[PDB]
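# Structure here, sequence nowhere to be found:
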């Protein structure tokens, strides 16, 4: 009965566009770093924009350990490759 | 185009997979273009459509 | 079989499908890159029968 | 064919099926033992026709 | 030196300090187990000088 | 039954289980790849090829 209730990451629009291959918040570019997550029910990763801030979360029924680990790994790799700071 | 960094860090032969997939995609494109002539057959209007 | 392999999780990357584009005169080719997924399998069942 | 045998009861033990249990951390294996029943058959019919 | 090694991240497990007990007569030994951390180092700097 | 609690046991302390060896158990990339299924490509054989 172990569940993950929140896996949320916060970014700015510029950095998200850098890591989404220049595509804006609402959709996920297939060539970007947010594509390839395993889909248990629909889109595993969703992104929203508000006041210049982009929120990237794992979907409600896709929050298994593998998706969380892959998202964290891809965020770290993209930040290091693109000289972005992954603050704790 | 395959970067040197990803090629040396990866434990797989990225170039071979990409080359094989490129060949497969080209064959698929040839056959899809051949099968797209059904539209031309439909456009003849000589009674070849059922 | 992974008898003797040191590890509990095993990964097998997925291979996608490439694109085909028209080659126009005096225009460079278009390079494709795909973000691939992976498959993972764990060692999670350890069963015993003893007497 | 017990024409050459001497007893009146004949016993055949039954064997059940073993169980499979998950081996949990820091827990000893569960030892399994079954108290089995036996199938016994008698020589109880002695029939005759006389004239 | 991981020039002949593949992967971006490299792991080095940490080893803790063990305890020494007295081994009293007619008393079994105390078994010890520790949850150890790990040290991860990433390959992240790619520098170039061209002419 | 082996449920008598009047005898002295021989296990004390903690055991080194595979949940305490988390930092020591790695993830393995065996070198095998999962490739998508190939389609049947028969279209250039039923046309007049020059």
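Cool, got the structure. Numbering: from 1, shown residues only, chains lettered A, B, ... in the order given.
# What segments of chain A are strands?
Along chain A, the segments classed as strands by DSSP state E run A:8-12, A:45-50, A:53-58.
# Strand partners (parallel or antiparallel) of the first one?
Sheet pairing here is set by DSSP bridges, and for strand A:8-12 it gives strand A:53-58 (antiparallel).
# picking up where we left off before, out of the strands of chain A, which comes closest to residue B:14?
Closest approach to residue B:14 among these is made by strand A:45-50 (24.1 Å; CB to CB). For the C-beta atoms, the positions are set from N, CA and C on the backbone; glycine is no exception.
# hmm, the closest one touching chain C?
No: remark: strand A:45-50 sits outside contact range of chain C, by CB under 8 Å from any CB of the partner chain, the gap being at least 11.9 Å.
# the helices in the chain, which residues?
Since you didn't name a chain, this refers to chain A. Ranges of helices in chain A, per DSSP state H, are A:13-19, A:65-81.
# So which of these is nearest chain E?
With distances scored as CB to the nearest CB, the stretch of the helices of chain A nearest to chain E is helix A:65-81 (4.1 Å).
# got the angle for the closest one vs strand A:53-58?
For the pair helix A:65-81 and strand A:53-58, the angle between their directions (axes from the mean of the first three to the mean of the last three CA atoms, to 10 degrees) equals 140 degrees.
# who in chain C is up against chain D?
Within chain C, the residues that sit near chain D (CB under 8 Å from any CB) are C:45, C:46, C:47, C:48, C:49, C:50, C:51.
# can I get those in TSV with secondary structure?
Supplementary listing: these in TSV, determined by DSSP: H, G, I helix; E, B strand; the rest coil:
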residue	secondary structure
C:45	coil
C:46	coil
C:47	strand
C:48	strand
C:49	coil
C:50	strand
C:51	coil
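# Redo those as JSON lines? Include distance to residue F:12 and neighbour count.
As requested, the residues of chain C next to chain D are arranged in JSON lines below (distance: CB to CB, whole Å; neighbours: other CB atoms under 10 Å in any protein chain shown):
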{"residue": "C:45", "distance to residue F:12": "29", "neighbour count": "7"}
{"residue": "C:46", "distance to residue F:12": "24", "neighbour count": "10"}
{"residue": "C:47", "distance to residue F:12": "27", "neighbour count": "8"}
{"residue": "C:48", "distance to residue F:12": "23", "neighbour count": "10"}
{"residue": "C:49", "distance to residue F:12": "28", "neighbour count": "12"}
{"residue": "C:50", "distance to residue F:12": "23", "neighbour count": "11"}
{"residue": "C:51", "distance to residue F:12": "26", "neighbour count": "9"}
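# Tell me which two of the residues you listed sit farthest apart.
Farthest apart among the residues of chain C next to chain D by CB to CB are C:45 and C:51. That separation is 20.8 Å.
# Write out the residues of chain F neighbouring chain B.
Residues of chain F that fall close to chain B, judged by CB under 8 Å from any CB: F:29, F:31, F:33, F:35, F:38, F:39, F:41, F:42, F:43, F:44, F:47.
# show me which of these neighbour chain E.
Within the residues of chain F next to chain B, nothing lies near chain E by CB under 8 Å from any CB.
# if you skip the residues just before and after it, what's nearest to the residue of chain A found nearest chain C?
Using CB to the nearest CB, the closest approach of chain A to chain C is made by residue A:36 at 4.3 Å. In space, not counting the residues next to it along the chain, residue A:36 is nearest to residue C:37; the distance is 4.3 Å by CB to CB, 6 or more residues apart in numbering or on different chains.
# wait, the one you found sits on residue A:37?
Yes: here residue C:37 lies in contact with residue A:37, judged by CB atoms under 8 Å, at a distance of 7.4 Å.
# These two: which is more packed in?
Looking at residue C:37 and residue A:37 with other CB atoms under 10 Å in any protein chain shown, you find the greater number of neighbours at residue A:37, namely 21 against 16.
# For the residue lying closest to that one once chain neighbours are set aside, list the residues it contacts.
Excluding its sequence neighbours, the residue lying closest to residue A:37 (CB to CB, 6+ apart) is residue A:44, at 4.1 Å. For residue A:44, the set of contacting residues under the criterion of CB atoms under 8 Å, 6 or more residues apart in numbering or on different chains consists of A:37, A:38, A:58, A:59, A:62, A:67.
# Return a PyMOL selection command for the buried portion of these.
Selecting only the buried members of the contacts of residue A:44 in PyMOL, with burial defined as 16 or more other CB atoms under 10 Å in any protein chain shown, works like this:
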select buried, chain A and resi 37+58+59+62+67
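# Near chain A, which residues of chain C? Just list them.
C:33, C:34, C:35, C:36, C:37, C:38, C:40.
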